[PDB]
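**Q** upload_10.tsv (TSV, C-alpha atoms and all ligand atoms) pasted underneath:
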```tsv
chain	number	residue	atom	x	y	z
A	1	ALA	CA	60.08	24.99	-39.12
A	2	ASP	CA	60.58	26.67	-42.48
A	3	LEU	CA	57.88	27.74	-44.93
A	4	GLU	CA	58.12	24.57	-47.05
A	5	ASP	CA	57.69	22.31	-44.00
A	6	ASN	CA	54.76	24.38	-42.72
A	7	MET	CA	53.01	24.29	-46.09
A	8	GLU	CA	53.41	20.53	-46.39
A	9	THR	CA	52.07	20.15	-42.84
A	10	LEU	CA	49.01	22.12	-44.00
A	11	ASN	CA	48.87	20.06	-47.19
A	12	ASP	CA	49.18	16.62	-45.58
A	13	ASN	CA	46.78	17.33	-42.74
A	14	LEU	CA	44.09	18.66	-45.06
A	15	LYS	CA	44.20	15.25	-46.75
A	16	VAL	CA	44.09	13.45	-43.38
A	17	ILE	CA	40.90	15.34	-42.53
A	18	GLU	CA	39.32	14.36	-45.85
A	19	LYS	CA	40.01	10.65	-45.24
A	20	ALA	CA	39.31	10.66	-41.49
A	21	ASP	CA	36.77	8.47	-39.70
A	22	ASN	CA	36.21	10.09	-36.28
A	23	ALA	CA	36.29	13.45	-34.52
A	24	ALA	CA	39.62	12.80	-32.78
A	25	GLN	CA	41.49	12.31	-36.06
A	26	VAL	CA	39.95	15.51	-37.49
A	27	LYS	CA	40.73	17.45	-34.31
A	28	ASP	CA	44.34	16.26	-34.25
A	29	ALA	CA	44.90	17.26	-37.88
A	30	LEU	CA	43.27	20.68	-37.48
A	31	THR	CA	45.35	21.33	-34.35
A	32	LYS	CA	48.53	20.66	-36.32
A	33	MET	CA	47.35	22.87	-39.19
A	34	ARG	CA	46.69	25.74	-36.79
A	35	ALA	CA	50.22	25.64	-35.41
A	36	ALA	CA	51.68	25.34	-38.90
A	37	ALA	CA	49.70	28.38	-40.06
A	38	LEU	CA	50.87	30.56	-37.16
A	39	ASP	CA	54.46	29.44	-37.75
A	40	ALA	CA	54.20	30.18	-41.47
A	41	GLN	CA	52.81	33.62	-40.59
A	42	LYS	CA	56.32	34.57	-39.43
A	43	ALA	CA	57.90	33.84	-42.84
A	44	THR	CA	57.94	35.97	-46.00
A	45	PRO	CA	56.82	35.07	-49.53
A	46	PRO	CA	59.95	34.15	-51.51
A	47	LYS	CA	58.93	36.13	-54.61
A	48	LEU	CA	58.09	39.26	-52.57
A	49	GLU	CA	61.15	41.51	-52.89
A	50	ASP	CA	60.16	44.00	-50.15
A	51	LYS	CA	60.25	42.12	-46.83
A	52	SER	CA	59.43	45.06	-44.55
A	53	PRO	CA	56.88	43.98	-41.90
A	54	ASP	CA	55.08	47.34	-42.19
A	55	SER	CA	54.59	47.15	-45.96
A	56	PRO	CA	50.99	46.66	-47.16
A	57	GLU	CA	51.73	43.32	-48.80
A	58	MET	CA	53.41	41.92	-45.68
A	59	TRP	CA	50.39	43.05	-43.65
A	60	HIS	CA	48.24	41.25	-46.25
A	61	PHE	CA	50.41	38.12	-46.10
A	62	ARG	CA	50.11	37.87	-42.31
A	63	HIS	CA	46.40	38.77	-42.51
A	64	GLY	CA	45.80	35.77	-44.78
A	65	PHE	CA	47.05	33.41	-42.08
A	66	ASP	CA	44.79	35.05	-39.48
A	67	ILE	CA	41.86	34.35	-41.80
A	68	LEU	CA	43.03	30.75	-42.25
A	69	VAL	CA	43.37	30.28	-38.48
A	70	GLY	CA	39.86	31.66	-38.01
A	71	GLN	CA	38.52	29.08	-40.45
A	72	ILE	CA	40.51	26.32	-38.74
A	73	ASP	CA	38.97	27.43	-35.44
A	74	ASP	CA	35.50	27.22	-37.03
A	75	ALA	CA	36.28	23.65	-38.06
A	76	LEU	CA	37.69	22.81	-34.60
A	77	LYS	CA	34.46	23.94	-32.94
A	78	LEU	CA	32.58	21.41	-35.06
A	79	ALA	CA	35.13	18.66	-34.42
A	80	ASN	CA	34.97	19.31	-30.69
A	81	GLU	CA	31.19	18.96	-30.94
A	82	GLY	CA	31.72	15.52	-32.56
A	83	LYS	CA	30.32	16.77	-35.89
A	84	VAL	CA	32.74	14.89	-38.13
A	85	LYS	CA	31.09	15.37	-41.53
A	86	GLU	CA	30.44	19.03	-40.73
A	87	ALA	CA	34.05	19.58	-39.69
A	88	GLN	CA	35.29	17.89	-42.86
A	89	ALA	CA	33.09	20.19	-44.95
A	90	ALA	CA	34.47	23.18	-43.04
A	91	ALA	CA	38.01	22.02	-43.83
A	92	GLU	CA	36.97	21.93	-47.51
A	93	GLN	CA	36.20	25.66	-47.32
A	94	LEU	CA	39.85	26.22	-46.42
A	95	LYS	CA	41.00	25.43	-49.93
A	96	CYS	CA	40.07	28.77	-51.49
A	97	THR	CA	42.02	30.55	-48.73
A	98	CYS	CA	45.07	28.43	-49.63
A	99	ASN	CA	44.62	28.87	-53.38
A	100	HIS	CA	44.04	32.63	-53.06
A	101	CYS	CA	47.26	33.35	-51.19
A	102	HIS	CA	49.15	31.06	-53.58
A	103	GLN	CA	47.90	32.79	-56.73
A	104	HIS	CA	48.59	36.18	-55.16
A	105	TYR	CA	52.16	35.55	-53.94
A	106	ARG	CA	53.65	32.60	-55.84
B	1	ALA	CA	25.19	50.51	-60.01
B	2	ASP	CA	24.87	49.21	-56.45
B	3	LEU	CA	26.75	46.31	-54.89
B	4	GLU	CA	23.98	43.76	-55.53
B	5	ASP	CA	23.81	44.66	-59.24
B	6	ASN	CA	27.60	44.54	-59.58
B	7	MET	CA	27.81	41.13	-57.90
B	8	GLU	CA	25.09	39.68	-60.12
B	9	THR	CA	26.89	41.09	-63.16
B	10	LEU	CA	29.99	39.21	-61.97
B	11	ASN	CA	27.86	36.14	-61.25
B	12	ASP	CA	25.99	36.04	-64.57
B	13	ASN	CA	29.03	36.76	-66.72
B	14	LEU	CA	31.11	34.06	-65.07
B	15	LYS	CA	28.41	31.61	-66.19
B	16	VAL	CA	28.38	33.11	-69.71
B	17	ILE	CA	32.12	32.46	-69.96
B	18	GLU	CA	31.67	28.86	-68.86
B	19	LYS	CA	29.05	28.21	-71.58
B	20	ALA	CA	30.69	30.31	-74.30
B	21	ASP	CA	31.72	29.08	-77.75
B	22	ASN	CA	34.15	31.69	-79.12
B	23	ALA	CA	36.70	34.27	-78.01
B	24	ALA	CA	34.40	37.25	-78.63
B	25	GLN	CA	31.76	35.99	-76.19
B	26	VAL	CA	34.43	35.35	-73.53
B	27	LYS	CA	36.01	38.76	-74.12
B	28	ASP	CA	32.67	40.56	-73.89
B	29	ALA	CA	31.80	38.85	-70.60
B	30	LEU	CA	35.22	39.49	-69.05
B	31	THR	CA	35.04	43.15	-70.09
B	32	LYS	CA	31.73	43.51	-68.27
B	33	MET	CA	33.10	41.73	-65.19
B	34	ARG	CA	36.07	44.09	-65.07
B	35	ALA	CA	33.86	47.17	-65.01
B	36	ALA	CA	31.57	45.59	-62.42
B	37	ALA	CA	34.55	44.80	-60.18
B	38	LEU	CA	35.91	48.35	-60.31
B	39	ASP	CA	32.43	49.73	-59.60
B	40	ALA	CA	31.97	47.35	-56.67
B	41	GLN	CA	35.37	48.46	-55.35
B	42	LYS	CA	33.76	51.80	-54.44
B	43	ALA	CA	31.13	50.18	-52.17
B	44	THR	CA	31.48	48.92	-48.59
B	45	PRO	CA	30.68	45.48	-47.15
B	46	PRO	CA	27.24	45.71	-45.50
B	47	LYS	CA	28.29	43.77	-42.38
B	48	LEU	CA	31.44	45.89	-41.90
B	49	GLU	CA	30.52	48.46	-39.25
B	50	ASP	CA	33.60	50.70	-39.70
B	51	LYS	CA	33.36	52.24	-43.18
B	52	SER	CA	36.46	54.45	-42.97
B	53	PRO	CA	38.44	54.23	-46.25
B	54	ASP	CA	41.74	54.27	-44.33
B	55	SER	CA	40.85	51.34	-42.05
B	56	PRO	CA	42.80	48.11	-42.65
B	57	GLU	CA	39.71	46.12	-43.59
B	58	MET	CA	38.55	48.71	-46.13
B	59	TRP	CA	42.05	48.66	-47.64
B	60	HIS	CA	41.72	44.86	-47.75
B	61	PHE	CA	38.25	45.05	-49.32
B	62	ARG	CA	39.44	47.33	-52.13
B	63	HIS	CA	42.63	45.26	-52.50
B	64	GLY	CA	40.54	42.15	-53.17
B	65	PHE	CA	38.98	43.81	-56.21
B	66	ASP	CA	42.41	44.82	-57.53
B	67	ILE	CA	43.41	41.15	-57.32
B	68	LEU	CA	40.20	40.14	-59.10
B	69	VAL	CA	40.79	42.71	-61.85
B	70	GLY	CA	44.33	41.40	-62.29
B	71	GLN	CA	42.98	37.89	-62.79
B	72	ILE	CA	40.34	39.18	-65.21
B	73	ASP	CA	43.13	40.90	-67.14
B	74	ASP	CA	45.04	37.59	-67.25
B	75	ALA	CA	41.96	35.94	-68.74
B	76	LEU	CA	41.45	38.82	-71.21
B	77	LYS	CA	44.99	38.40	-72.54
B	78	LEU	CA	44.15	34.79	-73.38
B	79	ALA	CA	40.80	35.70	-74.91
B	80	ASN	CA	42.43	38.39	-77.02
B	81	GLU	CA	44.88	35.73	-78.23
B	82	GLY	CA	41.88	33.60	-79.30
B	83	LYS	CA	42.68	30.98	-76.63
B	84	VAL	CA	39.08	30.21	-75.67
B	85	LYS	CA	39.57	27.08	-73.55
B	86	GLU	CA	42.54	28.68	-71.80
B	87	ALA	CA	40.57	31.84	-71.06
B	88	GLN	CA	37.68	29.79	-69.69
B	89	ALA	CA	40.07	27.94	-67.39
B	90	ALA	CA	41.49	31.28	-66.24
B	91	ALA	CA	37.97	32.47	-65.44
B	92	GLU	CA	37.57	29.31	-63.32
B	93	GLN	CA	40.50	30.44	-61.16
B	94	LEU	CA	38.46	33.54	-60.29
B	95	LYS	CA	36.08	31.56	-58.13
B	96	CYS	CA	38.36	31.27	-55.10
B	97	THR	CA	38.87	35.05	-55.17
B	98	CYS	CA	35.08	35.48	-55.08
B	99	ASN	CA	34.56	32.85	-52.39
B	100	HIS	CA	37.40	34.21	-50.24
B	101	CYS	CA	36.07	37.75	-50.06
B	102	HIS	CA	32.56	36.39	-49.42
B	103	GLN	CA	33.59	34.18	-46.51
B	104	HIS	CA	35.67	37.03	-45.07
B	105	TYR	CA	33.05	39.81	-45.24
B	106	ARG	CA	29.57	38.26	-45.52
C	1	LIG	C1	45.61	25.91	-46.91
C	1	LIG	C2	45.10	24.96	-46.09
C	1	LIG	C3	47.02	25.78	-47.54
C	1	LIG	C4	47.65	24.68	-48.00
C	1	LIG	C5	47.12	23.23	-48.07
C	1	LIG	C6	48.95	25.08	-48.51
C	1	LIG	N1	49.11	26.44	-48.31
C	1	LIG	FE1	50.66	27.56	-48.98
C	1	LIG	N2	52.16	28.72	-49.60
C	1	LIG	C7	52.30	30.09	-49.38
C	1	LIG	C8	53.48	30.52	-50.09
C	1	LIG	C9	54.02	31.96	-50.10
C	1	LIG	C10	54.03	29.46	-50.71
C	1	LIG	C11	55.31	29.46	-51.57
C	1	LIG	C12	56.39	28.71	-50.80
C	1	LIG	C13	57.71	28.79	-51.53
C	1	LIG	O1	57.73	29.18	-52.73
C	1	LIG	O2	58.76	28.47	-50.90
C	1	LIG	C14	53.21	28.30	-50.42
C	1	LIG	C15	53.41	27.01	-50.88
C	1	LIG	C16	52.61	25.92	-50.62
C	1	LIG	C17	52.81	24.57	-51.11
C	1	LIG	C18	53.94	24.15	-52.09
C	1	LIG	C19	55.15	23.64	-51.33
C	1	LIG	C20	56.19	23.26	-52.36
C	1	LIG	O3	56.57	22.06	-52.43
C	1	LIG	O4	56.61	24.18	-53.09
C	1	LIG	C21	51.83	23.80	-50.61
C	1	LIG	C22	51.62	22.29	-50.86
C	1	LIG	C23	50.98	24.63	-49.77
C	1	LIG	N3	51.49	25.90	-49.80
C	1	LIG	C24	49.88	24.23	-49.07
C	1	LIG	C25	51.46	30.90	-48.62
C	1	LIG	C26	50.24	30.53	-48.09
C	1	LIG	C27	49.29	31.34	-47.32
C	1	LIG	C28	49.43	32.83	-46.87
C	1	LIG	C29	48.46	33.66	-46.41
C	1	LIG	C30	48.25	30.55	-47.02
C	1	LIG	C31	46.97	30.87	-46.23
C	1	LIG	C32	48.51	29.24	-47.52
C	1	LIG	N4	49.73	29.25	-48.18
C	1	LIG	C33	47.65	28.19	-47.35
C	1	LIG	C34	47.93	26.89	-47.70
C	2	LIG	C1	33.94	36.65	-58.46
C	2	LIG	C2	33.96	36.50	-59.81
C	2	LIG	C3	32.64	37.05	-57.70
C	2	LIG	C4	31.37	36.68	-57.94
C	2	LIG	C5	30.84	35.73	-59.04
C	2	LIG	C6	30.52	37.30	-56.94
C	2	LIG	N1	31.31	38.08	-56.11
C	2	LIG	FE1	30.68	39.04	-54.44
C	2	LIG	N2	30.12	40.01	-52.79
C	2	LIG	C7	30.93	40.78	-51.97
C	2	LIG	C8	30.12	41.22	-50.85
C	2	LIG	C9	30.62	42.12	-49.70
C	2	LIG	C10	28.89	40.71	-50.99
C	2	LIG	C11	27.70	40.92	-50.01
C	2	LIG	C12	26.68	41.81	-50.72
C	2	LIG	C13	25.55	42.17	-49.78
C	2	LIG	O1	25.42	41.53	-48.70
C	2	LIG	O2	24.78	43.11	-50.11
C	2	LIG	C14	28.85	39.93	-52.21
C	2	LIG	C15	27.77	39.23	-52.71
C	2	LIG	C16	27.75	38.48	-53.87
C	2	LIG	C17	26.62	37.73	-54.38
C	2	LIG	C18	25.25	37.59	-53.67
C	2	LIG	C19	24.28	38.65	-54.16
C	2	LIG	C20	22.98	38.45	-53.41
C	2	LIG	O3	21.94	38.16	-54.07
C	2	LIG	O4	23.03	38.59	-52.17
C	2	LIG	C21	27.01	37.15	-55.53
C	2	LIG	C22	26.16	36.25	-56.45
C	2	LIG	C23	28.39	37.53	-55.79
C	2	LIG	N3	28.80	38.34	-54.76
C	2	LIG	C24	29.15	37.16	-56.87
C	2	LIG	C25	32.26	41.11	-52.18
C	2	LIG	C26	33.08	40.56	-53.16
C	2	LIG	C27	34.51	40.82	-53.41
C	2	LIG	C28	35.46	41.81	-52.67
C	2	LIG	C29	36.81	41.85	-52.70
C	2	LIG	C30	34.86	40.07	-54.46
C	2	LIG	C31	36.22	39.93	-55.15
C	2	LIG	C32	33.71	39.36	-54.93
C	2	LIG	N4	32.63	39.67	-54.12
C	2	LIG	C33	33.74	38.52	-56.01
C	2	LIG	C34	32.62	37.94	-56.58
C	3	ZN	ZN	56.64	20.72	-51.02
C	4	ZN	ZN	48.05	41.56	-51.27
C	5	ZN	ZN	21.49	38.62	-55.90
C	6	ZN	ZN	40.55	41.47	-44.21
C	7	ZN	ZN	43.29	39.24	-48.84
```
Just give me the structure of the file as structure tokens.

**A**
Amino acid sequence: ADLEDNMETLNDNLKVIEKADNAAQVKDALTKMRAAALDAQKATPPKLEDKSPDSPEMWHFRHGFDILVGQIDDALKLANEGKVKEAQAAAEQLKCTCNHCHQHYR
Amino acid sequence: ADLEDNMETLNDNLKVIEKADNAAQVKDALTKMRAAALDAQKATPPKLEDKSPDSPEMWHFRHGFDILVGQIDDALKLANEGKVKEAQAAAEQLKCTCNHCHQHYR
């Protein structure tokens, strides 16, 4: 999928987690976010003029998704333990990772 | 100053901005935050075992302070224009930069 689709997958599933009732719903949404993050990691920021994979800012761009995936994995551990409220709170901590990349690249 | 002092300078002055009344108070606090950020940029994260300046994660650590300084400079432009409420809102956007580095390194 393209970057827009991957970001809206992240966006919609974060909301699903917030409104979820049980561990299975949270797990399903986090699983979809993880795949969307790794897919988006292959894209480039539109406003970044230098697209070279070896450039510092492309390393930083991909690094940001590795951090996001790590946080998603933290939340998945809680969801797999059945800790719904805890997993929802962990998903809340994602938001500053989203907002940070956005401010930096958009 | 050491890392602890620099972080509490950032911490206390962010609160000063939130409670400020005029552009001069906001400007003074942002100016102190900027210096504290550049000083902290010379430190290393305690829990990072590899301290080599050329390592990717030390590049990332220093990069995070350059981003923070850029955001402080955005807020300073508004404060120097007398736009108090706008500068306070810009200081609010700093928080995800703080929280992101913290989650990543602490
Ligand atoms: C964390 C969970 C999130 C969430 C919820 C979103 N993102 Fe991102 N994002 C990144 C870039 C470069 C863009 C610009 C895309 C473009 O200009 O084409 C975006 C954009 C978005 C949107 C807006 C989509 C739109 O309609 O324009 C949304 C809703 C969104 N994102 C959600 C880059 C990154 C990251 C790189 C390291 C990370 C992490 C995130 N985004 C994280 C998130
Ligand atoms: C943005 C405006 C902020 C604010 C308000 C704070 N920081 Fe940081 N910070 C960083 C690291 C590596 C640490 C660990 C320090 C240690 O373990 O010795 C901290 C710690 C803090 C604290 C806690 C101080 C304490 O009493 O333990 C506080 C209050 C704090 N910070 C405020 C690293 C970074 C960054 C690197 C890129 C950035 C940016 C920030 N911090 C940003 C902020
Ligand atoms: Zn969209
Ligand atoms: Zn960068
Ligand atoms: Zn302290
Ligand atoms: Zn890093
Ligand atoms: Zn970063």

**Q** Near chain B, meaning an atom within 8 Å, which residues of chain A appear when counting all atoms listed in the file? Write them as a list in words.

**A**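 Going by the stated atoms only, the list reads residues 60, 67, 96, 97, 99, 100 and 104 of chain A.
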
**Q** Would you save the residues from that selection as an mmCIF file, in the frame of the given file, using C-alpha atoms?

**A**
```cif
data_model
loop_
_atom_site.group_PDB
_atom_site.id
_atom_site.type_symbol
_atom_site.label_atom_id
_atom_site.label_comp_id
_atom_site.auth_asym_id
_atom_site.auth_seq_id
_atom_site.Cartn_x
_atom_site.Cartn_y
_atom_site.Cartn_z
ATOM 1 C CA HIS A 60 48.240 41.250 -46.250
ATOM 2 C CA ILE A 67 41.860 34.350 -41.800
ATOM 3 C CA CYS A 96 40.070 28.770 -51.490
ATOM 4 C CA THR A 97 42.020 30.550 -48.730
ATOM 5 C CA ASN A 99 44.620 28.870 -53.380
ATOM 6 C CA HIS A 100 44.040 32.630 -53.060
ATOM 7 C CA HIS A 104 48.590 36.180 -55.160
#
```

**Q** I need the residue nearest residue A:7 from this list: A:41, A:31, A:88, A:22. Use only C-alpha atoms for the distance.

**A**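 Selected residue with least distance to residue A:7: A:41.
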
**Q** Could you give me, as a PyMOL selection string, every polymer residue with an atom at most 8 Å away from an atom of ligand ZN 3 (chain C), counting all atoms listed in the file?

**A** chain A and resi 4-5+7-8

**Q** How big is the axis-aligned box, and where does its centre sit, when it encloses all atoms of ligand LIG 1 (chain C) listed in the file and has 4 Å added on every side, reported in Å to one decimal as lines of an AutoDock Vina configuration file?

**A**
```
center_x = 51.9
center_y = 27.9
center_z = -49.6
size_x = 21.7
size_y = 19.6
size_z = 15.0
```

**Q** Between atom CA of residue A:65 and atom CA of residue A:40, measure the distance and give it in Å to one decimal.

**A** 7.9 Å
